Participant: 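My questions all concern the structure below.
Chain naming here is simple, since letters A, B, ... match the order of the sequence lines and numbering starts at 1 in each.
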Amino acid sequence: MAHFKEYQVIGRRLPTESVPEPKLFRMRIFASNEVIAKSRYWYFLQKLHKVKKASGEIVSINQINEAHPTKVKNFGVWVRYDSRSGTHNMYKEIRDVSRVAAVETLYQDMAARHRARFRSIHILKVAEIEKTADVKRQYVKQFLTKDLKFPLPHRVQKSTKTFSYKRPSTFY
Amino acid sequence: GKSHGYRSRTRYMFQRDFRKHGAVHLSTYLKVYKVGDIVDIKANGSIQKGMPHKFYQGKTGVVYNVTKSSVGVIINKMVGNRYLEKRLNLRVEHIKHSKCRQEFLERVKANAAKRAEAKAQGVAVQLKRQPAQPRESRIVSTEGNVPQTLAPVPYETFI
Amino acid sequence: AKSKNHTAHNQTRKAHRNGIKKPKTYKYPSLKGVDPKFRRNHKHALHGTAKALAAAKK
Amino acid sequence: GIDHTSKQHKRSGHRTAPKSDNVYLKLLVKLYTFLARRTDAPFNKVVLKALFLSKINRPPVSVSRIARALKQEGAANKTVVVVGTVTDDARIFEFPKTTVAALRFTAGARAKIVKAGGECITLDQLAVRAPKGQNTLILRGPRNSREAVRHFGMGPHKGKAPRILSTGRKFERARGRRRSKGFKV
Amino acid sequence: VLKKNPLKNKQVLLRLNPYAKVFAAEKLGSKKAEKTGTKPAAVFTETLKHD
Amino acid sequence: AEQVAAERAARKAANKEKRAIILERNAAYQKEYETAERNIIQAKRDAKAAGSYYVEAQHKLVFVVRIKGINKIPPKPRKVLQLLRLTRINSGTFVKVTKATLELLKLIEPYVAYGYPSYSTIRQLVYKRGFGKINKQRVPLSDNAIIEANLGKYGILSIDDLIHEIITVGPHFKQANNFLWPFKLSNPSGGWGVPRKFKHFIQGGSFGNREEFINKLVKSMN
RNA sequence: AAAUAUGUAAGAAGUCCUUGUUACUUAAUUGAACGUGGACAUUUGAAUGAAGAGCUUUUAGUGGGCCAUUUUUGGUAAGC
RNA sequence: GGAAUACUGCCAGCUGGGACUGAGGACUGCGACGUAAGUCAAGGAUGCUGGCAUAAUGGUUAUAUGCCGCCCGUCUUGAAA
RNA sequence: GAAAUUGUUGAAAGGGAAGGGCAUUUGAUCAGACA
Ligand SMILES: [Mg+2]
Ligand SMILES: [Mg+2]
Ligand SMILES: [Mg+2]
Ligand SMILES: [Mg+2]
Ligand SMILES: [Mg+2]
Ligand SMILES: [Mg+2]
Ligand SMILES: [Mg+2]
Ligand SMILES: [Mg+2]
Ligand SMILES: [Mg+2]
Ligand SMILES: [Mg+2]
Ligand SMILES: [Mg+2]
C-alpha cells in the first residue's frame, strides 16, 4: 500500500488478579508506518486467540532492518489470498536484496496478475533460499546461470525538446 | 380492519418465565412502600386486576399514593413535543423497589464518613468520581515469558 | 385518485425545534387523587400545628 | 459553512426605549440612564427598565396598597416608589404620614396623602433626595387581575372564562356544560 | 488594531515570555545530551532477529 | 497636576515584579520538560539492558480537527461535534483523554482527524492562533495582562502557564481549555497527501486516529 | 439469546441527631404525613458544552410531495 | 571493535528572491536596546526621485475577442418543454 | 404632440437567429483639479 518497512510487534493480554503476567505473543508485520503495523497485529491475533484491542495491549514495537541490505538473495514467499470466488494458497519466488524490497514486488505481482488488493492477501512466511538447486521456479533459475550475460537492444532516448533535426538511432 | 385493543401486541410481554408459573412468592406482599419511593413497573400475567398498560412496561416512576392493595405511580410520558404527567393505580404484584437509586444511598453515606474522617487530617477529600483514566507506565519482565512468534495459518476445508 | 396514507417522516425534526421539554418540578405537588381519608386527617394536623407554632410566639 | 447552534441576528426581546413620544417621559429616561450608568446601584437599573413598560404592564397602585406596605416591620419610614399612576381608595379610613414618589397622582390620591400630612413628589425630585435609592420601597400593581387575563388559556377542564358577549340563561350553559346534556366540559 | 505573530516579529516575542532572551543566549535549542554506554540484553537482540 | 510620576513609577515597578515572576516560572518549566523527556528515554534503555520491555504510559491529551463540511450529517454525530466546539471545517480543540471522552471520539470518527500533540505544536498554535473567550468575545492573546485578568484565580499568569496546563493536564485543564476560543486553521500548505480524504488513515485516507502523525498535519494547517 | 435503540438516578426541594400536631393508624407515643430547633458549603457529589434561562398573548402560510443509502410488504418485474 | 550516513523529530539558528495589502490619524499601552539623556522593526507607511498636467489615467457608448448564458408569467413532486 | 410603426441622412456590425454577464483592445464622445 506504500513503501514497506518490517515491524516487530509484541503484544499481551491485560493482566488480571487470577493470572498475572500473561504470555507474550510476537509476529512480524509489513506495514507502511507504525500506525498500520499495530492495527494489523490485532487483525491477525483476533484470528488465533480470544483477545482484541480492548482487552489487550501492545508491549513493544520495533523496526527490523536487514542485516545485509546489499547482497542479492533468493526469497520464497507463501501467501493466502482471496479471489472473486474462494480462497487459494500460492507459493512464489522473488529475487531481490531485502525482505522489504521483495514484499513490495509480491504485492505488485499479485495485483497485476490476480487482481488481488492489499486487504485480501495474507503473508504466511517469507524465507531466504540458501542453497542453489532448491529454486523450483524457472523464471528465477535463468538468472542463476554461470557468467550471466545479455544485451539491451533497441535503446530509446528521452527528448527534452519537441523537435529533433536528425533521424534518431536505437543503437546501444 | 385494524385492531388496537387494550392488550394488543402483548403475546410475549405478559407471558410467565420458563418453569416460573403458578402462585406468587410471599415476599411480594410483605414489602412496604411509602410516598416518594422510586419503583419500576413489570406486569404480572397471573393477576389481571390492577395490571398496567403495555406502554408502562419497564418504566420507572415515583410513588405518590398508598392504598389498601395498590399504590399510585407518577410517570412522565412524551406526547408530541413535550412530556405529560401520568398517574397509575397498580397493585403491588406489578412493581418492585428499583435499585437505580439504592446504590446512590451508599455513596452519600460513604461521602459523609470520608469527609468526617479527613476533616481533622487534610483538606480536599476528593468526594467526586472519576472516569477510567489512561494506564500508567509499567515494565514487563520476560523472565520465563519469552515471546512466542505467531504466523497466519493457511487455508483448509476440513468439511 | 389514490394518495398517501400515513408517514412519520419529518415529524421528529419538527418536535426537536422547540419541543422535548422536561416538565417543571414544583415543591409541594398537588394532592389530587390521594386517599380521601388521609387528606381529611392531614388537614387537621396542619391546623393543629399552626396553633402550636402561634402559641409559642404569642 | 458554519453549523449554528442557535438562531442568528436574533433581537434581545426587551424594550430599550419607551414606545411613547412624551417629551417629559423621555427626559426622565435620559436622567435615569445617566444614573444607571455612573452609580452602579440596583435601584437605578430597576427604575430605568420600569420606565419602558406599557400601560397594561403598569397597573395602578392604590393608597390602600401603600398603607399595607408601610405596616411591614421596620418599613414605616421609607419612601414608597411607584413607577406609574397612584389611585385613591375610599375603603381605607386611616393613612400614615409617608413620602410617595410616582409619575402621576390622581386628584383624589394626592388630596388624601397631603391631608394625612405626607407629600407627593415626582421621580426627578427623588433622584435629588435619593441618588442611590436609599430607604426606598418599590410597589407594583396586580397584572393578573386584568379582564383579558381570565380568558387566556381557554380549553377543556381549564376553568377559564369564555369569550362571550351576552351572559344569561341561554348562553353557553347547554350540552358540554352539564351531565344532563351530553357531558360536562 | 493589528495582531502580530511571534516567531516572525522578535519584539513581540520579547513582550510575552521574557525567558526567550535567556533561551537564545544559552543556545538551549541545540543542547547536547550526556553520553551513555548501556547495551541491550542477549534476550532482546535474539528476539529482534528471530524469524 | 499631581499623580503624574508617583503612580507611573509605582505601576512600572509592579510591572517589573510581574516580569520577574514570569521569567522565573518559565525557567522552571523548561527544566521539568527536559528532565521528564530524558527520564523516559533513559528508562527505555535500562529496560532493554535488563532483558525487559518498557511500556510507556498511554497519552492523556489529544487534538481533534474537523475535516468535513456541515452538510449531510446524522444527528448523533452532529450533536457530539457541537459539544466539542467543532462547527466549521478545519477547527481544532484539545480534548482530555478519559473513558467518557473516548466514546465521543468513536461516534465522530469519520468526520475528524485526531492524534497526540507535542510541545512544539502546542506552542506554535497558541502563539500564532491563540484567541481567548472573554465576556463572550474573541480577544487575541497579545499580552499577559488578559491572561492574568481571566485566569489569575487558577494560578495562571502568563501565556506559558496556559501552555503548561495544556501539555501537562493539570487540575485546571477544563477552565484553561474552555478559555481558549476554538482554533481556526486553514488548509494544509502541502496538501493532505492522499487522493481521497474521507477514508480511514489506516486504509489510506484522512480521518481516524493517526497518533503522533497529527503534528505534521497541524503544522501544515497552521 | 445479541448489536442498535429505550426508562430512572448521579444531592441544599440533600443527609444526620432531637422532639411538636392529628378526628388517620397502631395491643401500645406504634406508625404515617406535615413541622420547630441543631450540625455539614459550592472537588456541593461523574464527563463535555451552553449567542443565558423560564414564561405568556396573538397570527400568517401549509395540510397533493418526492429522491438516495439501509430495514422491509405485495408483485415475474417495473422510472410499480 | 570504532566511526560515518540514511530515515524521523526539535531549534525562543542565520540568510536570499517573488507576490498581494497601507486600514487608523495629537498624546496615553506592553516592551526592547542604553549608566544616563534618549533611541527603536514596540497599540496599522513612511522617505527620496522622475515624467505628464491632458483625453494621458478614468467614465459612458458602439464594436471585436476568450469563457459562460435555453422564454418569461403560472399550476405542479418535477417546465426551456 | 409621447410610444408602437415608417421615410431620408450619418456611423457601425453581419458564414443556418438576435439579445445578455465578467474582463480588456480599438473608434467616437465627456466630467473633475491645475493652487
Ligand atoms: Mg373484572
Ligand atoms: Mg395527504
Ligand atoms: Mg457519504
Ligand atoms: Mg502549491
Ligand atoms: Mg483528492
Ligand atoms: Mg483606458
Ligand atoms: Mg460577446
Ligand atoms: Mg454554453
Ligand atoms: Mg402533472
Ligand atoms: Mg415552469
Ligand atoms: Mg419613434
Side-chain angles (χ1 to χ4, degrees), chain A residues 5 63, chain B residues 34-35 38 40-41 56-62 66 75-76 98-105 107-109 111-112 115-116 119 124-131, chain C residues 1 3-4 7 9 24-28 35 37-53 56, chain D residues 4-8 10 148-149 152-153, chain E residues 1-2 4 6-7 9-25 27-31, chain F residues 15 19 26 79-80 82-85 95-96 98-101 103-104 118-120 123 127 136 142-145 171 174 178 212 215-216:
Chain A
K5 299 182 181 61
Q63 179 177 338
Chain B
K34 296 180 179 181
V35 174
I38 297 186
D40 44 4
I41 299 182
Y56 306 94
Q57 176 85 208
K59 293 196 178 307
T60 302
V62 178
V66 177
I75 296 186
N76 297 280
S98 59
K99 299 189 299 180
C100 60
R101 194 179 171 268
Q102 178 180 347
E103 188 272 348
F104 173 74
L105 269 306
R107 205 182 73 252
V108 52
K109 178 64 181 301
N111 286 11
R115 173 190 265 105
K119 178 57 64 63
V125 204
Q126 188 63 218
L127 299 178
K128 281 193 181 182
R129 300 172 296 172
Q130 299 294 131
Chain C
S3 301
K4 199 176 181 62
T7 184
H9 191 59
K24 276 191 178 56
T25 58
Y26 287 100
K27 190 176 183 177
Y28 299 104
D35 186 18
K37 183 166 58 179
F38 171 82
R39 296 194 298 101
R40 288 195 298 263
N41 186 81
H42 190 66
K43 180 178 64 176
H44 305 112
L46 266 297
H47 182 22
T49 182
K51 301 292 298 178
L53 287 180
Chain D
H4 302 108
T5 62
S6 61
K7 192 178 302 303
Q8 296 298 140
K10 178 185 180 180
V149 177
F152 293 164
Chain E
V1 306
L2 179 66
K4 298 186 174 180
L7 291 81
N9 195 7
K10 186 180 179 181
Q11 286 300 309
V12 183
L13 177 57
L14 297 178
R15 184 209 314 265
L16 308 87
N17 185 21
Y19 183 73
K21 177 182 174 182
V22 181
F23 191 94
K27 299 174 58 178
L28 298 178
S30 305
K31 182 180 304 180
Chain F
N15 291 13
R19 293 279 290 185
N26 295 350
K79 186 63 188 303
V80 177
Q82 298 173 350
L83 292 182
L84 294 190
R85 305 187 296 173
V95 176
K96 177 175 53 184
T98 58
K99 181 59 175 58
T101 55
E103 299 296 326
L104 294 175
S118 62
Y119 177 78
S120 175
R123 197 179 84 100
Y127 281 173
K136 302 187 306 301
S142 63
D143 194 3
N144 303 124
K174 178 186 182 61
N178 190 265
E212 71 280 340
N215 296 270
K216 183 179 183 59

Participant: At under 4.0 Å between heavy atoms, how does the protein contact nucleotides 23-33 of chain H? Give one character per nucleotide, 5' to 3', with B, S or -.
Facilitator: ------BBBSS

Participant: With a non-hydrogen cut-off below 4.0 angstrom, is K4(E) in contact with a base, only sugar-phosphate, or nothing?
Facilitator: sugar-phosphate

Participant: Just curious, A78(G) north or south if you read off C1'-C2'-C3'-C4'?
Facilitator: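 Since its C1'-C2'-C3'-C4' torsion is positive, the sugar of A78(G) is on the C3'-endo, or north, side.
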
Participant: Determine the contact category for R85(F): base if any of its heavy atoms lies under 4.0 Å from a base atom, sugar-phosphate if only primed atoms, P, OP1 or OP2 are that close, otherwise nothing.
Facilitator: sugar-phosphate

Participant: Are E103(F) and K99(F) within salt-bridge range, i.e. N to O under 4.0 Å?
Facilitator: yes

Participant: Kindly label the base of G16(I) as syn or anti, based on whether its glycosidic torsion lies within 90° of 0.
Facilitator: syn

Participant: With syn defined as a glycosidic angle within 90° of 0 and anti as the rest, where does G78(H) land?
Facilitator: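 Anti, since the glycosidic angle lies more than 90° from 0.
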
Participant: Look at the side-chain N and O atoms of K59(B) and state whether any lies under 4.0 Å from the OP1 or OP2 oxygen of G7(G).
Facilitator: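 False: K59(B) side-chain N/O out of range (4.0 Å or more) of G7(G) OP1/OP2.
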
Participant: Separation of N178(F) atom CG from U48(G) atom P, in whole Å?
Facilitator: 9 Å

Participant: Taking syn as any angle within 90 degrees of 0 and anti as the rest, which one fits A55(H)?
Facilitator: syn

Participant: Who pairs with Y19(E) by ring-ring contact (aromatic ring centres under 6.0 Å, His included), at least two apart in sequence or on another chain?
Facilitator: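 With neighbours one apart ignored, the set is empty.
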
Participant: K37(C) near the nucleic acid: base, sugar-phosphate alone, or nothing, with a heavy-atom cut-off under 4.0 Å?
Facilitator: sugar-phosphate

Participant: Which atom pairs link the protein and nucleotides 52-56 of chain G when you take only N or O atoms and keep those under 3.5 Å?
Facilitator:
from   : atom 1 : to     : atom 2 : distance (Å)
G54(G) : OP1    : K21(C) : NZ     : 3.3
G54(G) : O3'    : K24(C) : NZ     : 2.3
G54(G) : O2'    : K24(C) : NZ     : 3.4
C55(G) : OP1    : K24(C) : NZ     : 3.0

Participant: The side chain of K119(B) lies closest to which of these nucleotides: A12(H), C40(G), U43(G)?
Facilitator: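 It is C40(G).
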
Participant: Select one nucleotide: of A46(G), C24(G), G49(G), the one nearest the side-chain heavy atoms of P131(B).
Facilitator: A46(G)

Participant: Closest to the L127(B) side chain: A42(H), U22(G), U44(G)?
Facilitator: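 Selected nucleotide (nearest to the side chain): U44(G).
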
Participant: Between the protein and nucleotides 9-11 of chain G, are there any N/O to N/O pairs under 3.5 Å, and if so, what are the atom names and distances?
Facilitator:
from   : atom 1 : to      : atom 2 : distance (Å)
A10(G) : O2'    : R107(B) : NH2    : 2.9
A10(G) : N3     : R129(B) : NH2    : 2.9

Participant: What pucker do you get for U26(G) when you go by the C1'-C2'-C3'-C4' torsion?
Facilitator: north

Participant: Determine whether the aromatic ring of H44(C) stacks with the base of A23(G), defined as ring centroids separated by less than 5.5 Å and ring planes inclined by less than 30°.
Facilitator: yes

Participant: Using atom names, set out every protein N or O paired with an N or O of nucleotides 68-74 of chain G below 3.5 Å, distance rounded to 0.1 Å.
Facilitator:
none

Participant: Would you indicate what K4(C) reaches in the nucleic acid, counting non-hydrogen atoms under 4.0 angstrom: base, sugar-phosphate, or nothing?
Facilitator: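 Counting heavy atoms under 4.0 Å across all strands, the contact made by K4(C) is with sugar-phosphate only.
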
Participant: Can you identify which nucleotide, out of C11(H), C34(G), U48(G), has its nearest atom closest to the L84(F) side chain?
Facilitator: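 For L84(F), the side-chain atoms sit closest to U48(G).
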
Participant: Dump every N/O contact between nucleotides 5-10 of chain H and the protein below 3.5 Å, one line per pair.
Facilitator:
from   : atom 1 : to      : atom 2 : distance (Å)
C10(H) : OP1    : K219(F) : NZ     : 2.7

Participant: May I ask whether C48(H) and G75(G) qualify as a Watson-Crick or G-U wobble pair, both distances being under 3.5 Å?
Facilitator: no

Participant: Quick one: does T60(B) reach the base of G7(G) with a side-chain donor-acceptor pair under 3.5 Å?
Facilitator: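 Result: at least one qualifying N/O pair found.
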
